[PDB]
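The figures that follow rest on heavy atoms only: side chains count, while hydrogens, waters and symmetry mates do not. In what follows, every chain begins at residue 1, and chains take the letters A, B, ... in the order their sequences are listed.
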There are 2 protein chains.
Amino acid sequence: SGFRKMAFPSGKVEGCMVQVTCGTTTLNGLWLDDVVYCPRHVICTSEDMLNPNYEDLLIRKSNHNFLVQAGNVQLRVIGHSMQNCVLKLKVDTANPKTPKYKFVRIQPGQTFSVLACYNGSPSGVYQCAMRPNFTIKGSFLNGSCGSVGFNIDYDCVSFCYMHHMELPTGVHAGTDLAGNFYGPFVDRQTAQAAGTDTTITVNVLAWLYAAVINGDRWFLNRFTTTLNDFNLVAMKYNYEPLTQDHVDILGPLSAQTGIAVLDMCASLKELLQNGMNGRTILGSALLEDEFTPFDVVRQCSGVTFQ
Amino acid sequence: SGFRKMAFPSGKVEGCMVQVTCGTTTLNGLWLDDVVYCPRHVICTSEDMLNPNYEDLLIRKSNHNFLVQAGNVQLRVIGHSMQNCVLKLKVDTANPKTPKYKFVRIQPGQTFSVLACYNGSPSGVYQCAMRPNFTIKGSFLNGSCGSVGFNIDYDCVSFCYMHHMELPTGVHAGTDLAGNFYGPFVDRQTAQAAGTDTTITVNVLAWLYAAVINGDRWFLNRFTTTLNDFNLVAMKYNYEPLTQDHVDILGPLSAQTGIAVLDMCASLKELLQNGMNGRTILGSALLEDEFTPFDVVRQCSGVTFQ
Ligand SMILES: *[C@H](O)[C@H](C[C@@H]1CCNC1=O)NC(=O)[C@@H]1CC2(CC2)CN1C(=O)[C@@H](NC(=O)NC(C)(C)C)C(C)(C)C
Ligand SMILES: *[C@H](O)[C@H](C[C@@H]1CCNC1=O)NC(=O)[C@@H]1CC2(CC2)CN1C(=O)[C@@H](NC(=O)NC(C)(C)C)C(C)(C)C
């Protein structure tokens, strides 16, 4: 037992990270087969970042302008294209470490592992969620752009996020691996702001089931609630609405613990209305919302990957 | 910016994990050069676990009793020895993925990354601390024994922990890679119990510096305190004593933020005495103690590894 914020093993992704340098900008790229993917603002300069016209900017570039370091080795660029906000550098060598992989665009509420990188070298791995307002609460310094987020499913890496920028609240915005931003954000330095976040209700319920699986029961009650009456309380506390579909997803966990979904909703309702009274759940004094129902079942049953 | 519980990239360790099966027991082993390291209770049976005599148990074994899976391959055992509570299986193939590495026995308060494994296959990676009572608050199910904890320093993996058992409070006990248990624990099923844990004071102060680096300042004050008067408050709240040596270690962080160590102690004192008044620090409603001063400097400055 025990319950931790757990990231996927990062080895399959580490073998893909490279350094991309162009002009005065250095950031990370993702090397899969003979293509290196990276944020298109690598073509920008310190004065370009204001309101750049990237199509104009890119036509002025030559392959040799792009310096691509894979550890201790030049990769030669032989072609380049732009897809949405990502740049695709064709290189003359296929990455022999290329895992089985997929690109996926995730829904808000879904979680992933981030391999933070600088200069093409991995620094650390941690677990994030796509917030309802399409930011992520990351840990990113200058040079971290092109670090990716991902999930692993048996032997297949599903890449879902590439880091582009930091918002003035200290949170982070980026794209899928096809270069489409999550949320309303754009890669230019104009006024943008997150807009109001909310708590991921179905994940909070999943984490309460994790707590029960692990022996914290102090918050259970004999009450129950209807879905409608629960959502009336949810909206007051800035929680996302719980749909019948969420209820269905929580079925396995409800079946393992013996606690009907709407009974767990009654418990969340009283925790919202009363607070925790000096008590903790799974070592937290806040209601945790960055574990999905799948995350809870993975970690409480022990699923692996090769 | 941002601040997360960050583990080391796990790739160098993933390449070392193997499956060790003997009789009815299956657990994980660590394959470095031509030796596989694993917990010695793999030689035990369901009735052996009570009060076993492992030296008697081991003399009854033959090399061929030990089944060692490295993915899709038999490794043949050609010799075996016992060192403290770990078993060392000599195999006829050196691991070509063996990283540069070291075995280190860590002090309480120090943190490390755990690569949780089942059947020789990595499941997830998370960050832990060695508690003052020499347990770790892990996430471990049946089959996880032989999963290791580690730190990485440039290109060198320092292995510091191997998982052996779970205590009735849901926390975990294990050894260094030379097989010596951390704390008073033994690998037999007799009454054992953790004994009273305490909060890692120097780490809490490091995390408060992280908060300042990241823009949370609401908890600062103009007070200060002496070391003696701080430790008088520490002991009341079950915090470990802060030594002058801890104060010295916190020097770099104090210099970066402009906040003298003993001034940060004055702030911790008021947080201990007043609580947080509905406020959070770095997204936590509790005072966090599983980041060392080194962890904070690593993540706030961006150090990498190859
Ligand atoms: C790439 O490595 C870098 C990562 C940042 C640096 C600090 N933390 C991070 O995550 N990304 C950038 O530097 C990007 C590149 C652009 C688009 C041109 C600017 N940028 C930023 O992150 C900006 N942020 C903004 O300007 N944000 C808006 C426009 C106000 C929303 C800063 C952080 C450099 C100011
Ligand atoms: C190895 O994979 C396994 C990991 C455990 C299983 C549940 N969570 C874990 O971390 N370790 C064990 O099964 C070890 C092997 C022994 C020494 C023989 C027993 N054991 C345990 O963890 C015991 N725990 C205890 O018996 N603890 C004491 C003696 C009461 C302190 C249990 C969990 C199997 C009961």
Side-chain angles (χ1 to χ4, degrees), chain A residues 1-15 17 71-72 113-128 136-144 152 166 169-172 214-216 275-276 278 280 283-286 295 298-306, chain B residues 1-15 17 71-72 113-128 136-144 152 166 169-172 214-216 275-276 278 280 283-286 295 298-306:
Chain A
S1 55
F3 198 80
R4 277 278 192 181
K5 289 182 179 180
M6 178 171 283
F8 290 92
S10 64
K12 285 183 169 51
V13 181
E14 293 162 48
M17 309 289 326
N72 60 6
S113 286
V114 170
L115 179 65
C117 294
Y118 301 89
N119 296 104
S121 295
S123 182
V125 61
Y126 53 86
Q127 190 72 351
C128 294
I136 68 154
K137 299 180 170 148
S139 176
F140 285 128
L141 310 167
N142 189 31
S144 64
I152 296 177
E166 189 172 291
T169 43
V171 303
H172 299 109
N214 280 275
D216 272 304
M276 267 198 216
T280 57
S284 174
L286 287 181
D295 292 345
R298 171 180 75 112
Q299 175 174 171
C300 295
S301 79
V303 168
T304 61
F305 321 92
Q306 286 290 108
Chain B
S1 55
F3 198 80
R4 277 278 192 181
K5 289 182 179 180
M6 178 171 283
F8 290 92
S10 64
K12 285 183 169 51
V13 181
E14 293 162 48
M17 309 289 326
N72 60 6
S113 286
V114 170
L115 179 65
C117 294
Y118 301 89
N119 296 104
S121 295
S123 182
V125 61
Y126 53 86
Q127 190 72 351
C128 294
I136 68 154
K137 299 180 170 148
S139 176
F140 285 128
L141 310 167
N142 189 31
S144 64
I152 296 177
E166 189 172 291
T169 43
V171 303
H172 299 109
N214 280 275
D216 272 304
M276 267 198 216
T280 57
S284 174
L286 287 181
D295 292 345
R298 171 180 75 112
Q299 175 174 171
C300 295
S301 79
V303 168
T304 61
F305 321 92
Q306 286 290 108

Check [X] against [Y] and note the closest heavy-atom contact, atom names and distance.
X        : Y        : answer
A:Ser121 : B:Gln306 : OG-OE1, 2.7 Å
B:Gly2   : A:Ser139 : O-OG, 3.5 Å
B:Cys128 : A:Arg4   : CA-NH2, 4.1 Å

Side chain A:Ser10, main chain B:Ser10, donor-acceptor under 3.5 Å: yes
Heavy-atom contact with chain A under 4.5 Å, split by part of B:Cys117: neither
Do you know which of [options] has the most heavy-atom pairs with chain B at a distance under 4.5 angstrom?
options                      : answer
A:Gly11, A:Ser123, A:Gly120  : A:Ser123
A:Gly170, A:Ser301, A:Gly138 : A:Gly138
A:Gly275, A:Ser284, A:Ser1   : A:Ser1

Side chain, backbone, both or neither: which part of [X] has a non-hydrogen atom closer than 4.5 Å to chain B?
X        : value
A:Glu166 : side chain
A:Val303 : backbone
A:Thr280 : side chain

Any residue meeting side chain to side chain contact (heavy atoms under 4.5 Å, CB included) with A:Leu141, in chain and number order, not counting sequence neighbours: A:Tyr118
When B:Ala285, B:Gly215, B:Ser144 are compared by non-hydrogen pairs under 4.5 Å with chain A, the top option: B:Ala285
Most contacts with chain A, counted as non-hydrogen pairs under 4.5 angstrom, among B:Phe305, B:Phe140, B:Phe8: B:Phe305
B:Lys5: partners by side chain to side chain donor-acceptor pair (under 3.5 Å), with sequence neighbours left out: B:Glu288
Check: A:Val125 and B:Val125 side chains under 4.5 Å, non-hydrogen atoms: yes
